[PDB]
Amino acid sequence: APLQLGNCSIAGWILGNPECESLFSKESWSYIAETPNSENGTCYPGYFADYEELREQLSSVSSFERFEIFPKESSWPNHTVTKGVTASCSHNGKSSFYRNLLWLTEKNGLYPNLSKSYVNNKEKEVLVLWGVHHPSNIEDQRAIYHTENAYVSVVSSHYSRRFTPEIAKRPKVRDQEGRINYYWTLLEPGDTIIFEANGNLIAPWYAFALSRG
């Protein structure tokens, strides 16, 4: 059984593109039925790390469970969750964002150090997706995240990498100079994944529990 992505790419579908999500809901598939042309892909420009590896692993999975890895209402009390919308990902004429990610911004003129984690109790291998924002100008970065030396730290027994975003003026793509770079990992059952950052983090709103067999 294929997956029939249509105009959507895997990167667009894996992340929750707004014009994508209207057509996908499967649990046990084996193929792709996808067109590489991303009419509905990364609505925000950037690089999907280990994309090629990620298509192989998603292909042919027995189970597909989408669950709230970090509830938007409860997980981030000291940060703003309602202002992370853009026209690059606009839907039905209104600015929107990925259905599976979350753009934390400053709350009450402060971006406190954040520390949150998931201990994989689902007994199945879990797919966790996060992004790191790279703004175009220093003033936008200061307005949204306050700190000018931002850091993002993701640590697990299987994955460990610390991101340091930088302010770069990149050619305009989808009317946006800034970029988010997208990263992923697979969480073993019984393993914990930790996010520590002071800004520029696109937090995972939803994660996928799967079994390839």
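Counting begins at 1, following the sequence as shown.
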Quick one: higher average CA temperature factor, 161 to 169 or 28 to 36? 28 to 36
Which is higher on average in the deposited entry, the C-alpha temperature factors of 148 to 156 or of 48 to 56? 48 to 56
Selection from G190, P18, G199, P204 [criterion: highest C-alpha temperature factor in the record]: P18
C-alpha B factor of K72, ranked within the chain: lowest, middle or highest third? lowest
Of the three thirds of Cα B-factor ranks in this chain, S95 occupies the middle
